[PDB]
Protein chains: 6
Amino acid sequence: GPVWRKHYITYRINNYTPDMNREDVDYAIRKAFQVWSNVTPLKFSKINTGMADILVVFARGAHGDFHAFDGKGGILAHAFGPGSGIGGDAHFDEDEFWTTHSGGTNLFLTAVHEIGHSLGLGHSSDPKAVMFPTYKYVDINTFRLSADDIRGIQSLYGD
Amino acid sequence: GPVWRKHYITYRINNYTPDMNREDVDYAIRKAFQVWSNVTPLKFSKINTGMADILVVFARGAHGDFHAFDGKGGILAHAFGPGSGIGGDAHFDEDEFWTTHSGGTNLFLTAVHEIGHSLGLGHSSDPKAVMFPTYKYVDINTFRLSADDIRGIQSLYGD
Amino acid sequence: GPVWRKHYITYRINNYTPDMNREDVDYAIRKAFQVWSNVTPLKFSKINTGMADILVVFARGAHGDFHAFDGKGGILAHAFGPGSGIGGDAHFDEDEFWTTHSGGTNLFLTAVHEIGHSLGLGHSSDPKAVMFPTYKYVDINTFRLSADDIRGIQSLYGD
Amino acid sequence: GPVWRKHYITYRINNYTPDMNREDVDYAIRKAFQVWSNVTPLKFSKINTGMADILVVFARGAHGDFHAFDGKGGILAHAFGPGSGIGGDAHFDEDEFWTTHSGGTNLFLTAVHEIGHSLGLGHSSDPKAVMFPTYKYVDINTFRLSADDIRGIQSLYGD
Amino acid sequence: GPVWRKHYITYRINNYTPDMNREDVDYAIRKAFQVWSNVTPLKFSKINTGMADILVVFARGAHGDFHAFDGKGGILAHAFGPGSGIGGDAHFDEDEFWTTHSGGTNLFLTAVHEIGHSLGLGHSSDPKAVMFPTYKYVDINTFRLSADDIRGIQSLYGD
Amino acid sequence: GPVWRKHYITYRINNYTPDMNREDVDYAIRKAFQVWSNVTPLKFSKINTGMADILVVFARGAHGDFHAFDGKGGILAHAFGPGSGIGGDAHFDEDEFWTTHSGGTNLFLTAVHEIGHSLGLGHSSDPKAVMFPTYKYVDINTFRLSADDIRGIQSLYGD
Ligand SMILES: O=C(O)C[C@@H](NC(=O)c1cc(-c2ccc(-c3ccncc3)cc2)cs1)c1ccccc1
Ligand SMILES: O=C(O)C[C@@H](NC(=O)c1cc(-c2ccc(-c3ccncc3)cc2)cs1)c1ccccc1
Ligand SMILES: O=C(O)C[C@@H](NC(=O)c1cc(-c2ccc(-c3ccncc3)cc2)cs1)c1ccccc1
Ligand SMILES: O=C(O)C[C@@H](NC(=O)c1cc(-c2ccc(-c3ccncc3)cc2)cs1)c1ccccc1
Ligand SMILES: O=C(O)C[C@@H](NC(=O)c1cc(-c2ccc(-c3ccncc3)cc2)cs1)c1ccccc1
Ligand SMILES: O=C(O)C[C@@H](NC(=O)c1cc(-c2ccc(-c3ccncc3)cc2)cs1)c1ccccc1
Ligand SMILES: O=C(O)C[C@@H](NC(=O)c1cc(-c2ccc(-c3ccncc3)cc2)cs1)c1ccccc1
Ligand SMILES: O=C(O)C[C@@H](NC(=O)c1cc(-c2ccc(-c3ccncc3)cc2)cs1)c1ccccc1
Ligand SMILES: O=C(O)C[C@@H](NC(=O)c1cc(-c2ccc(-c3ccncc3)cc2)cs1)c1ccccc1
Ligand SMILES: [Ca+2]
Ligand SMILES: [Ca+2]
Ligand SMILES: [Ca+2]
Ligand SMILES: [Ca+2]
Ligand SMILES: [Ca+2]
Ligand SMILES: [Ca+2]
Ligand SMILES: [Ca+2]
Ligand SMILES: [Ca+2]
Ligand SMILES: [Ca+2]
Ligand SMILES: [Ca+2]
Ligand SMILES: [Ca+2]
Ligand SMILES: [Ca+2]
Ligand SMILES: [Zn+2]
Ligand SMILES: [Zn+2]
Ligand SMILES: [Zn+2]
Ligand SMILES: [Zn+2]
Ligand SMILES: [Zn+2]
Ligand SMILES: [Zn+2]
Ligand SMILES: [Zn+2]
Ligand SMILES: [Zn+2]
Ligand SMILES: [Zn+2]
Ligand SMILES: [Zn+2]
Ligand SMILES: [Zn+2]
Ligand SMILES: [Zn+2]
């Protein structure tokens with residue numbers, strides 16, 4: 001489907017990457033969702049058990065969805081759009097080195113991008129958008145959504 | 001799908017309306033389901049956590065399913081038929097004043113109607129059916145399903 | 001889903017009611033779609049053979065979708081929202097007397113409403129909207145969608 | 001889904017086995033559908049081009065649906081239940097020798113069984129039912145569904 | 001769908017048959033899943049609450065999926081392929097007498113067969129395969145998957 | 001789903017870009033499918049009317065699937081993976097200048113990539129693969145899939 005037909009969406013962290021502290025991961029992911037709930041009527045809640053709408057997973061190589069990871073570098077992550085099962089799920093390539101900042105690959109920034117896909121956003125052709133296909137680091141304190149990003153997400157969920 | 005392909009169906013009360021006591025809501029909803037399980041092989045169970053087949057929700061205005069509520073009066077509630085995700089979900093317009101009896105809008109009676117939709121029943125053209133499109137109050141102690149209602153639900157689930 | 005994920009939609013008149021001339025049925029249905037395409041980016045095309053997104057059917061009593069018609073009066077027609085299979089399909093009760101005027105049930109006016117459902121619109125609580133649940137004849141020459149009708153349909157397909 | 005949500009169903013013979021004359025294949029398949037339409041409100045129509053609800057195909061070995069045929073003998077055919085895509089589709093193993101008599105494998109008798117699956121019927125444990133899992137030839141002139149066959153099919157489509 | 005698009009699959013025992021000790025049932029089922037995870041990248045986890053991918057159920061007669069059981073003998077069990085809802089679910093006919101060994105019907109062996117279906121395997125025509133349609137008892141200590149079984153499951157999930 | 005569950009797939013060119021001759025568009029699209037059928041058990045057929053598995057469309061700006069094109073440059077095209085409805089559909093941005101050579105954007109080369117998506121292939125991180133995300137012109141006479149392209153496509157359809 002093009003969008004989640006509800007405002008209360010849940011997510012769950014399937015497993016944790018040993019690259020970061022469990023709570024730094026929770027923080028990065030939660031702040032990532034917060035980026036999108038700030039400009040839409042959507043609200044996100046983390047759950048530890050049961051099925052959630054969006055399952056955040058860390059994995060390497062082939063992990064069952066037929067879109068295997070490629071080791072360090074190259075593809076860093078991917079996610080599926082709204083739907084049942086794997087729909088909305090965001091997978092992070094464990095072969096990358098996830099960090100809270102500019103060392104290795106920043107989890108927060110990458111998560112903001114993937115959640116974009118999870119909510120129904122495709123790639124943007126605007127270099128300022130978080131949905132632009134190329135990864136780059138910017139400080140979390142000064143990071144913000146481009147206008148193209150706001151338009152896209154609001155086109156889908158309004159507010 | 002036209003029907004739930006199982007006899008054990010679960011439901012969960014997403015949130016409670018502040019118009020009634022939490023337990024009066026539980027009672028109204030549970031008795032509503034009981035009305036249908038009495039004439040079919042179906043059985044309903046309430047769960048507090050995890051995804052349930054039927055999510056009972058209280059909400060106002062636009063709540064994400066693209067069928068926004070209209071404030072007090074007019075549409076009182078709605079529900080989707082059997083299926084994944086929002087399928088089977090029953091939404092109650094919080095702008096209405098829900099009551100245990102004839103004050104405002106009776107939750108039990110409305111719930112019986114919506115659960116009818118949740119189980120796959122459309123609107124009936126018979127004025128005596130609970131599936132008739134027009135809301136009316138009747139005492140819970142003397143309320144009963146019309147023959148048209150029994151035929152419809154049994155046509156779907158038998159017994 | 002909540003909407004057809006395309007602007008070019010096809011429909012097919014499965015069979016014709018013997019109440020009107022084939023040419024009149026086609027005209028009425030064509031005009032009904034036109035009402036909605038005039039306020040959205042949508043474009044409609046009629047096909048004579050093969051699968052269409054929207055199948056217009058005339059039937060009576062139980063016709064397979066578990067929402068049996070009730071003979072003369074009452075249920076005049078019904079339609080399923082966007083989706084595969086019967087999704088988007090519009091069924092007209094052949095037990096009604098379809099006409100091009102104010103006598104019997106007006107095909108054109110009923111079609112505009114049904115197509116509203118086929119496009120993803122639910123019932124409106126505004127008495128002036130074509131999506132209001134109650135059928136009524138109105139000058140078929142000065143007929144126009146109500147604001148609520150325009151808002152809702154453009155909320156889905158924009159323009 | 002458990003059943004086709006309509007009474008008018010279409011089928012298409014994708015390709016013909018070189019074992020029989022085109023006319024004989026058509027006759028056998030037509031007679032097979034007739035068996036079921038005679039005991040239900042269902043009506044079947046063959047189309048020569050385009051998508052049908054039920055696609056009849058002759059294939060051998062691995063043919064794309066992950067349920068590869070086994071060459072001569074063993075699996076004679078299989079079909080998917082009601083649904084979109086390959087749902088309802090019936091596949092006949094071209095490695096079998098299809099005939100109009102008791103030699104080789106009888107097309108007509110195998111078709112009645114396969115169509116049972118296409119309509120939503122699973123295997124029966126009654127030795128006298130066409131849905132019993134074991135293929136056997138029987139006088140194709142006095143052939144008739146068993147009671148279990150009638151009950152099950154009318155349990156889905158009634159009449 | 002043809003396969004579960006993930007390597008971590010969960011299952012849950014809906015209810016227990018009174019024929020065996022609760023833990024003997026857990027053991028039989030768990031060992032059954034182990035048989036398949038041994039030759040694939042798949043991994044299975046039991047959960048007590050929430051929805052699981054594969055729901056193991058004990059039931060008699062008609063239980064809602066339109067594939068009613070037939071009492072003692074005949075059909076012993078069945079399961080649906082990968083998918084949402086009932087997809088992947090394995091149902092065991094309670095009218096059979098389930099045992100840890102050769103008395104009555106062996107639960108472990110039957111479970112290995114049904115889970116095969118749950119993972120997307122159809123019936124095999126090879127008499128040595130666990131996916132062969134006919135039930136037979138062999139000691140759990142010397143039971144092993146046929147080559148045909150290994151090929152099928154690995155064709156779907158690799159490794 | 002991850003893949004088309006059949007070896008015979010149909011496609012239809014919904015409309016033609018005015019940039020090239022109808023004959024050239026057909027040739028380019030035909031050659032694009034040929035690239036993939038040459039390395040898999042798949043067979044492709046073009047149909048002029050009716051529903052195809054893969055619908056090739058030329059469009060500009062917002063065209064209904066919520067993934068609007070961006071005018072000249074940037075997004076050249078996109079396609080949906082295997083599935084019903086728009087599943088498998090390939091959209092080409094009419095704002096691009098489609099050609100049979102190295103000027104403008106080469107239709108054939110872009111089609112091979114898009115069809116990769118339509119068949120279930122995601123983007124590759126190998127610079128030599130047609131599925132790499134970056135469009136580039138290459139001698140359309142010595143063009144050949146990269147090993148990564150062959151592995152991935154045969155991983156889904158084999159051969
Ligand atoms: O490293 C790369 O950029 C290429 C690689 N990319 C990825 O896998 C991915 C790149 C991103 C991504 C993350 C953050 C931002 C972003 C935007 C704006 N402000 C801050 C952050 C943009 C994209 C997610 S996966 C890739 C290679 C090959 C094929 C597909 C993708
Ligand atoms: O108030 C109304 O009746 C109109 C309004 N209705 C609703 O929203 C609704 C009305 C009902 C309903 C509730 C109970 C009963 C019933 C039947 C038999 N015995 C006891 C109770 C019937 C319908 C649910 S939502 C409405 C307005 C505009 C468009 C659609 C619906
Ligand atoms: O006399 C009878 O037996 C019943 C007759 N049915 C009817 O007249 C019916 C009247 C209605 C009805 C529909 C909508 C609303 C409504 C009003 C305001 N806001 C929202 C919704 C009220 C009534 C449904 S059937 C009938 C007869 C024969 C066959 C079918 C129906
Ligand atoms: O209205 C009835 O007679 C009851 C019956 N209704 C229907 O089947 C239907 C009523 C309509 C309908 C058609 C046109 C208009 C309309 C609005 C504004 N201007 C012009 C035309 C409104 C509704 C379509 S089906 C019904 C019965 C039971 C449950 C729901 C609806
Ligand atoms: O000799 C061989 O290798 C095996 C041969 N396969 C067979 O004969 C086969 C026999 C059966 C079989 C099917 C159903 C039942 C049955 C009986 C009673 N109640 C329910 C179900 C028993 C057996 C399947 S394949 C075969 C050979 C070549 C190709 C395919 C199959
Ligand atoms: O029967 C076989 O040779 C085994 C094979 N079976 C099949 O493929 C099939 C057997 C049948 C079948 C056809 C007709 C009748 C029938 C019933 C009553 N009166 C007349 C006709 C029963 C079954 C269709 S496919 C098979 C192999 C492996 C797994 C399941 C089934
Ligand atoms: O009792 C029978 O075999 C027929 C009956 N079968 C079933 O319901 C079923 C039979 C089985 C089955 C269980 C274990 C094994 C097996 C294979 C290899 N090694 C050890 C164990 C094979 C099949 C599951 S349900 C049946 C009757 C009628 C219609 C369909 C099926
Ligand atoms: O100048 C502009 O405004 C932006 C222009 N857009 C672009 O040039 C764009 C460049 C890219 C891009 C795509 C993939 C990769 C990449 C590289 C390596 N590994 C993986 C992925 C890098 C960039 C997307 S749009 C544009 C203009 C007008 C309309 C659309 C796009
Ligand atoms: O490449 C661009 O100009 C950016 C844009 N890309 C596209 O739309 C697209 C790029 C391609 C593509 C076509 C052919 C080849 C290829 C590979 C090897 N040998 C020959 C040909 C690679 C990619 C299809 S759409 C884009 C923008 C924003 C987000 C994703 C992609
Ligand atoms: Ca990587
Ligand atoms: Ca790592
Ligand atoms: Ca209201
Ligand atoms: Ca209230
Ligand atoms: Ca009527
Ligand atoms: Ca009539
Ligand atoms: Ca065979
Ligand atoms: Ca043959
Ligand atoms: Ca039994
Ligand atoms: Ca028992
Ligand atoms: Ca463009
Ligand atoms: Ca152009
Ligand atoms: Zn993944
Ligand atoms: Zn991305
Ligand atoms: Zn709602
Ligand atoms: Zn209602
Ligand atoms: Zn209908
Ligand atoms: Zn209506
Ligand atoms: Zn097949
Ligand atoms: Zn069969
Ligand atoms: Zn069952
Ligand atoms: Zn089996
Ligand atoms: Zn598009
Ligand atoms: Zn691409």
# chains A, B, ... in the order shown; residues from 1 in each chain; ligands from 1
call {"tool": "residues_around", "arguments": {"residues": "residue D:68", "least_positions_apart": "2", "cutoff": "10 Å", "atoms": "only C-alpha atoms", "output": "list in words"}}
result
residues 59, 60, 61, 62, 63, 64, 65, 66, 70, 71, 75 and 93 of chain D; 122, 124 and 152 of chain E
call {"tool": "write_last_selection", "arguments": {"atoms": "C-alpha atoms", "output": "PDB file, in the first residue's frame"}}
result
ATOM      1  CA  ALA D  59       3.214 -27.722 -18.505  1.00  0.00           C
ATOM      2  CA  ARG D  60       6.058 -30.030 -17.529  1.00  0.00           C
ATOM      3  CA  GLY D  61       8.789 -30.075 -14.907  1.00  0.00           C
ATOM      4  CA  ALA D  62       9.505 -26.757 -13.223  1.00  0.00           C
ATOM      5  CA  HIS D  63       7.075 -24.177 -14.552  1.00  0.00           C
ATOM      6  CA  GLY D  64       7.476 -21.217 -12.185  1.00  0.00           C
ATOM      7  CA  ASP D  65       5.112 -21.771  -9.240  1.00  0.00           C
ATOM      8  CA  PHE D  66       7.645 -23.701  -7.143  1.00  0.00           C
ATOM      9  CA  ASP D  70       7.592 -34.916 -11.807  1.00  0.00           C
ATOM     10  CA  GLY D  71       7.526 -36.174 -15.381  1.00  0.00           C
ATOM     11  CA  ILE D  75       1.719 -35.750  -9.879  1.00  0.00           C
ATOM     12  CA  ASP D  93       1.408 -32.124 -16.333  1.00  0.00           C
TER      13      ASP D  93
ATOM     14  CA  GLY E 122       3.735 -29.195  -1.580  1.00  0.00           C
ATOM     15  CA  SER E 124       6.144 -35.032  -3.071  1.00  0.00           C
ATOM     16  CA  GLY E 152      12.657 -28.822  -2.168  1.00  0.00           C
TER      17      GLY E 152
END
call {"tool": "residues_around", "arguments": {"residues": "residue C:42", "least_positions_apart": "5", "cutoff": "8 Å", "atoms": "only C-alpha atoms", "output": "VMD selection string"}}
result
chain C and resid 6 to 9 36 to 37 157
call {"tool": "write_last_selection", "arguments": {"atoms": "N, CA, C and O atoms", "output": "mmCIF file, in the first residue's frame"}}
result
data_model
loop_
_atom_site.group_PDB
_atom_site.id
_atom_site.type_symbol
_atom_site.label_atom_id
_atom_site.label_comp_id
_atom_site.auth_asym_id
_atom_site.auth_seq_id
_atom_site.Cartn_x
_atom_site.Cartn_y
_atom_site.Cartn_z
ATOM 1 N N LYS C 6 -3.149 4.995 -9.814
ATOM 2 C CA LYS C 6 -2.962 5.375 -11.216
ATOM 3 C C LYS C 6 -4.042 6.378 -11.633
ATOM 4 O O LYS C 6 -5.098 6.447 -11.005
ATOM 5 N N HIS C 7 -3.777 7.153 -12.684
ATOM 6 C CA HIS C 7 -4.737 8.151 -13.157
ATOM 7 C C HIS C 7 -5.626 7.668 -14.300
ATOM 8 O O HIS C 7 -6.670 8.262 -14.575
ATOM 9 N N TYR C 8 -5.212 6.596 -14.967
ATOM 10 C CA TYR C 8 -5.975 6.041 -16.076
ATOM 11 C C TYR C 8 -6.682 4.787 -15.597
ATOM 12 O O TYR C 8 -6.052 3.765 -15.337
ATOM 13 N N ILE C 9 -8.001 4.878 -15.477
ATOM 14 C CA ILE C 9 -8.811 3.774 -14.979
ATOM 15 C C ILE C 9 -9.805 3.266 -16.009
ATOM 16 O O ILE C 9 -10.421 4.051 -16.725
ATOM 17 N N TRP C 36 -16.600 12.826 -11.802
ATOM 18 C CA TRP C 36 -15.404 12.719 -10.979
ATOM 19 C C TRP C 36 -14.111 13.088 -11.700
ATOM 20 O O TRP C 36 -13.218 13.669 -11.091
ATOM 21 N N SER C 37 -14.000 12.753 -12.985
ATOM 22 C CA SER C 37 -12.784 13.080 -13.734
ATOM 23 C C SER C 37 -12.645 14.587 -13.935
ATOM 24 O O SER C 37 -11.543 15.103 -14.111
ATOM 25 N N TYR C 157 -7.093 12.027 -4.710
ATOM 26 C CA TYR C 157 -6.402 12.149 -5.987
ATOM 27 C C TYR C 157 -5.900 13.538 -6.302
ATOM 28 O O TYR C 157 -5.263 13.754 -7.334
#
call {"tool": "residues_around", "arguments": {"residues": "residue C:145", "least_positions_apart": "4", "cutoff": "9 Å", "atoms": "only C-alpha atoms", "output": "ChimeraX atom specification"}}
result
/C:35-36,128-130,149-150
call {"tool": "select_by_dssp", "arguments": {"residues": "stretch 18-151 of chain F", "states": "alpha helix (DSSP H)", "output": "MDAnalysis selection string"}}
result
chainID F and resid 22:37 107:118 147:151
call {"tool": "interface_residues", "arguments": {"of": "chain B", "to": "chain D", "cutoff": "9 Å", "atoms": "only C-alpha atoms", "output": "ChimeraX atom specification"}}
result
/B:1-3,5
call {"tool": "write_last_selection", "arguments": {"atoms": "C-alpha atoms", "output": "CSV table (one decimal), in the first residue's frame"}}
result
chain,number,residue,atom,x,y,z
B,1,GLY,CA,-12.0,-11.2,2.7
B,2,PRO,CA,-15.6,-12.1,3.2
B,3,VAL,CA,-15.1,-13.8,6.6
B,5,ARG,CA,-11.2,-18.0,8.5
call {"tool": "select_by_dssp", "arguments": {"residues": "stretch 12-135 of chain A", "states": "strand (DSSP E or B)", "output": "mmCIF file with C-alpha atoms, in the first residue's frame"}}
result
data_model
loop_
_atom_site.group_PDB
_atom_site.id
_atom_site.type_symbol
_atom_site.label_atom_id
_atom_site.label_comp_id
_atom_site.auth_asym_id
_atom_site.auth_seq_id
_atom_site.Cartn_x
_atom_site.Cartn_y
_atom_site.Cartn_z
ATOM 1 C CA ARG A 12 10.442 -2.825 17.421
ATOM 2 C CA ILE A 13 14.172 -3.326 17.419
ATOM 3 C CA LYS A 43 2.954 9.070 16.298
ATOM 4 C CA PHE A 44 5.398 6.235 16.948
ATOM 5 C CA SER A 45 5.687 3.776 19.842
ATOM 6 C CA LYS A 46 8.407 1.260 20.616
ATOM 7 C CA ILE A 54 7.999 -1.574 11.584
ATOM 8 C CA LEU A 55 10.645 -4.097 12.527
ATOM 9 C CA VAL A 56 14.160 -2.616 12.726
ATOM 10 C CA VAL A 57 16.726 -5.309 11.967
ATOM 11 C CA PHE A 58 20.513 -5.584 11.874
ATOM 12 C CA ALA A 59 21.768 -8.271 9.498
ATOM 13 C CA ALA A 77 20.574 -0.445 4.438
ATOM 14 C CA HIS A 78 17.088 -0.725 2.920
ATOM 15 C CA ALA A 79 13.446 -0.872 3.947
ATOM 16 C CA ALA A 90 13.971 -1.479 7.920
ATOM 17 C CA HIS A 91 17.135 -3.560 7.627
ATOM 18 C CA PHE A 92 20.604 -2.299 8.506
ATOM 19 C CA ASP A 93 23.706 -3.983 7.087
ATOM 20 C CA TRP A 98 27.300 2.035 13.073
ATOM 21 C CA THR A 99 28.131 5.072 15.181
ATOM 22 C CA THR A 105 28.131 5.199 9.292
ATOM 23 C CA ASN A 106 25.757 7.343 11.382
#
call {"tool": "residues_near_ligand", "arguments": {"ligand": "ligand 29", "cutoff": "7 Å", "atoms": "only C-alpha atoms and all ligand atoms", "output": "JSON, numbers by chain"}}
result
{"D": [78, 113, 114, 117, 123, 131, 133]}
call {"tool": "closest_residue", "arguments": {"among": "E:125, E:100, E:154, E:40", "to": "residue E:139", "atoms": "only C-alpha atoms"}}
result
E:100
call {"tool": "closest_residue", "arguments": {"among": "A:53, A:159, A:95, A:126", "to": "ligand 8", "atoms": "only C-alpha atoms and all ligand atoms"}}
result
A:126
call {"tool": "closest_residue", "arguments": {"among": "F:11, F:143, F:76, F:138", "to": "residue F:89", "atoms": "only C-alpha atoms"}}
result
F:11
